[PDB]
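Participant: coords below, sequence missing:
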Ligand code: FES
Ligand SMILES: [Mg+2]
Ligand SMILES: [Mg+2]
Ligand SMILES: [Zn+2]
């Protein structure tokens, strides 16, 4: 990990990086997710796994650095959005540029949030029994996760 | 009208019973 | 500790099969409450009437009317006002004088 | 289309049920349905139907 | 019909050379309401002899005194039924 | 902004974004090309 | 409940079918004399 | 037009895997059928109604014994969907005059000739 | 890290917690000890009232001594004649219970009852709904009834 | 056992006070538990004619949580009865005006649609925050498990727990990060 | 007409009352209603729903034993399915045969 220092003269210093735990359980896996047998076994709640692919201010790291495949990169990206919206990453908040403070508006607790709350409109005509409009819960990208329920998860609430 | 999960299974169960009925009428 | 249910609340459960395998024997002695799990009685200050009277204190206009009284009663017993109103004489005369009693 | 039919993992198929009158199903089916085998409904063609 | 069941209980336990019972509050619900339930257990040598329910603490304790006296005179509700079988 | 059923890029500089629950093509060179779904 | 499990064990699906519970006599005299056979 | 249906013969030609699944030998075929009505003939065509009465299956869930011969099988194929066909099995042999009154038909399809209502021991 | 190892996550393990059953050999020794203890309680007569679950007619009755049962049919027994109830599914005391699989042995439990009354039910009105219902298209059902008093429930140390 | 007639009856049909903590809980799951206790469906002696319900105290109702985008999608509708008196409010807007409204409305729908529902609602006590009146505290008998297990935040995780989880990937030395 | 039709309905409503009362009793020990009923059946215990309510209300200590027996049999079934049949059958999972 290299950091740029300015003085004009500016230079970048490379520092030693923490090393991955050796001897993955499943060597020969391309994606780092499959070298540890995590293909379908992580959700938004798993901050410990998700945090590793996140920039200090909450952005996702580029795929070419993480080494994830596209299928798992998109799942990590979506899980991170849901984790952020659930307030599970209090230390990866956006940087405040200058003369900006947090909105101070009270925070509503939410989880399994597919979309940004700003841009989702209210359902004014909810519909009757068979034309009921569904409130989406979870993400479609995680439709293949291992399920421990008798029936598949109820995405539309 | 989407067909329910319970409705689909009960038809399959009956089909299997009739499927065996084919076997026992073949000898 | 073979029982699959904790033995600490209702009774101890011991399930056993007879050697033949045709009877199931259950030994269930009751659990007594430990002394350390109890509180001392609040000796300093009682009939249930006294408790009732304090809750239904007569404060305004001596005896209150039906409206104010019923609202006081409803709050004390966590009921609605409607329960406390009387009924007419059709219903009152329909009520059985001697309802059946079981033990 | 041919690959889908061969590798289908559903034991039950429209053709077998229709031809054998399993479930008493032909009460609710047209005479032409046996030939179509569920692929064609009215003037519509259902490619995903094997 | 016996009044002051606690006084009787105390005398009986003295005859058995048993220590005087200590009343304590085993279970409690809705104390500050107008419909409170109290369970009071009489403890001897830190051992439970009888537990009784009541609308108030005094009523519950008085009931627990009767539960003990029933178990001392062998008149418990689950006592062996009377025997009418004998032809002899 | 013309709201159209199907959105299509109209020039090289046109680019696509997802703002406030809808897809937009925005063109810096020609504002005529701006579209919404 | 339990119909399929009873069938796997070789029993009647309905506990009211063939078995000791139904088919055995329900009572006898105190002296020991057997009771008249039940109509069912 | 709803009409009587003729099943292609291939349906009743079994496969080697079928014998393993149902545990029936293509040789030494079973002799007697156990047939029970498990569906209603209401809303079914009259020809299906007729055969059900001919076969004795008027009451549901009550077993009837029938011959495993082609003529009977032809009638059963008409109402195949409304019935369950189970092979009658005789673990202890045919009932005799002595054991005729001590039989019992088990749900397994086995006709026992001694019924004791006692633990096997 | 062994083959097929998954780091702990929300979905790594099933929601339920697997339980470890005790080994059969030790359990059987304890089972015999439990049975022996209960048998002594029966042998020494350390129990009070007993309650049994009995299958009579077509129904199951929770039964205890001095109890009254109503049977909705004639029984062919004279009034005042003592009977043995023979299908007991459960016999229970304050501190123990015995469960049949499905029925307890005759050696263990003997339940005795007496016929106290042979009677008929009160008139029950059976009127169906039909075109031109009328008030007289009515049937009265009266059924014979039998009342049994449970006399005793007894157990013996034959576990 | 061995009680007098009246004390036994009083004990059996006595009403209990339960505590629910609603912090980070879905209102519907809270409603299922509360609706069960309010009716008395938690007792083997339950009867629809017995009025055997219990008291339910729910706290932290301000801190309930919704799955999905229900905060912005779920709408509550009311009519004053006058022309033009139709109001439609989203869940967030209703929560802002009254922190306790959402929990009460979820429970109200789950109770049976009869006259006894109004009585049951009297036994329901909803507090927006942890503070409870002293008298209500003294009545309490038991607290109920939270229906939803709350996921932990990164800061909550201990240093030891972090080390236990493996470092799946290693960032290269030549990275800004 | 109402009285005659209510005669049939009364039997069904009583069964619904028993199932509710059984669910309340079994939930106190941590068991759902289906788990309580089926696993008792798998133990060859044929107590009916009407009697199970009487035991719950009036014989709580006996009813706890039934809950422990039902949970005990349920756990054996879980192990058995994972066992694949190589493992021997559970102690309480044995069936007393009749003939
Ligand atoms: S999990 Fe293997 S390619 Fe990503
Ligand atoms: Mg007519
Ligand atoms: Mg019914
Ligand atoms: Zn352009």
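Facilitator: Nice, thanks for sending it over. Residues are numbered from 1 along each chain as shown, chains lettered A, B, ... in the order given. Ligands and ions are numbered 1, 2, ... in the order given.
Participant: ok, and the one residue in chain B that gets nearest to chain J, which helix or strand is that part of?
Facilitator: Nearest residue of chain B to chain J (CB to the nearest CB) works out as residue B:2 at 21.2 Å. Any C-beta I mention is one placed from the backbone N, CA and C, and that applies to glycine too. Assigned by DSSP states H and E, residue B:2 belongs to no helix or strand.
Participant: distance of it from residue B:12?
Facilitator: 17 Å (CB to CB, to the nearest Å).
Participant: Over to residue J:142?
Facilitator: Taken as CB to CB, the span from residue J:142 to residue B:12 is 46 Å.
Participant: which residues touch the residue nearest the centre of chain C?
Facilitator: Geometric centre of chain C, nearest residue: residue C:77, 13.0 Å, by CA atoms, centre = their mean. By CB atoms under 8 Å, 6 or more residues apart in numbering or on different chains, the residues touching residue C:77 are E:34-35.
Participant: out of everything not next to it in sequence, what's closest to the residue most central in space within chain K?
Facilitator: Centroid check for chain K by CA atoms, centre = their mean gives residue K:37 as the closest residue, at 2.3 Å. The shortest distance from residue K:37 to any non-neighbouring residue, by CB to CB, 6 or more residues apart in numbering or on different chains, is to residue G:1 (5.0 Å).
Participant: Okay, strands next: where are they in chain F?
Facilitator: F:2-3, F:15-19, F:22-26, F:35-36 (DSSP state E).
Participant: Please identify the pairing partners of the first one and their relative orientation?
Facilitator: Read it as strand F:2-3. Using DSSP bridges, strand F:2-3 pairs in its sheet with strand F:35-36 (parallel).
Participant: and what of the third one?
Facilitator: Using DSSP bridges, the strands paired with strand F:22-26 in its sheet are strand F:15-19 (antiparallel), strand F:35-36 (antiparallel).
Participant: Show me what from chain A comes close to chain F.
Facilitator: Chain A has residues A:115, A:118-121 near chain F, with proximity defined as CB under 8 Å from any CB of the partner chain.
Participant: Scan the residues you listed and report the most crowded one.
Facilitator: Ranked by neighbour count (other CB atoms under 10 Å in any protein chain shown), these have residue A:120 at the top, with 21 neighbours.
Participant: my guess is that residue meets residue J:74, correct?
Facilitator: No. Contact criterion CB atoms under 8 Å: residue A:120 and residue J:74 do not qualify, at 10.9 Å.
Participant: For residue E:84, which non-adjacent residue is closest in space?
Facilitator: residue I:151 (7.7 Å).
Participant: just checking, that neighbour is part of a strand?
Facilitator: Yes. Checked against DSSP: H, G, I helix; E, B strand; the rest coil, residue I:151 lies within a strand.
Participant: what's around it, how many residues?
Facilitator: 18.
Participant: same thing with residue I:97?
Facilitator: 26.
Participant: How is it assigned, secondary-structure-wise?
Facilitator: strand.
Participant: Buried ones in stretch K:41-57, by neighbour count?
Facilitator: K:41-47, K:49-56 (16 or more other CB atoms under 10 Å in any protein chain shown).
Participant: make that stretch H:51-68, sorry
Facilitator: For stretch H:51-68, using 16+ other CB under 10 Å, the buried residues are H:51-52, H:55, H:57, H:63, H:66, H:68.
Participant: Let's have the residues you listed in TSV, adding distance to chain K and secondary structure.
Facilitator: Formatted as TSV, the buried residues of stretch H:51-68 follow (distance: CB to the nearest CB, whole Å; DSSP: H, G, I helix; E, B strand; the rest coil):
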residue	distance to chain K	secondary structure
H:51	33	helix
H:52	28	helix
H:55	31	coil
H:57	27	coil
H:63	20	coil
H:66	27	strand
H:68	27	coil
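Participant: residue contacts, residue 2?
Facilitator: Answering for chain A, as no chain was given. So residue A:2 contacts A:12-15, J:173-176 (CB under 8 Å, 6+ apart).
Participant: Please refer instead to chain H.
Facilitator: Counting by CB under 8 Å, 6+ apart, residue H:2 touches D:26-27, H:45.
Participant: and what of residue J:40?
Facilitator: Contacts of residue J:40 by CB under 8 Å, 6+ apart are J:46, J:50-54.
Participant: out of these, who's nearest residue K:11?
Facilitator: Lowest distance from residue K:11 to the contacts of residue J:40 (CB to CB) belongs to residue J:46, with 19.0 Å.
Participant: Can you tell me how far the closest one is from chain I?
Facilitator: Look at residue J:46 and chain I: by CB to the nearest CB, to the nearest Å, they are 19 Å apart.
Participant: coming back round to it: ok, and the most crowded of the contacts of residue J:40?
Facilitator: residue J:53 (25 neighbours).
Participant: That one should be in a strand, yeah?
Facilitator: No. Read with three-state DSSP, residue J:53 is coil and lies in no strand.
Participant: quick one: it and residue J:35 touch, right?
Facilitator: No. Judged on CB under 8 Å, residue J:53 makes no contact with residue J:35 at a distance of 10.2 Å.
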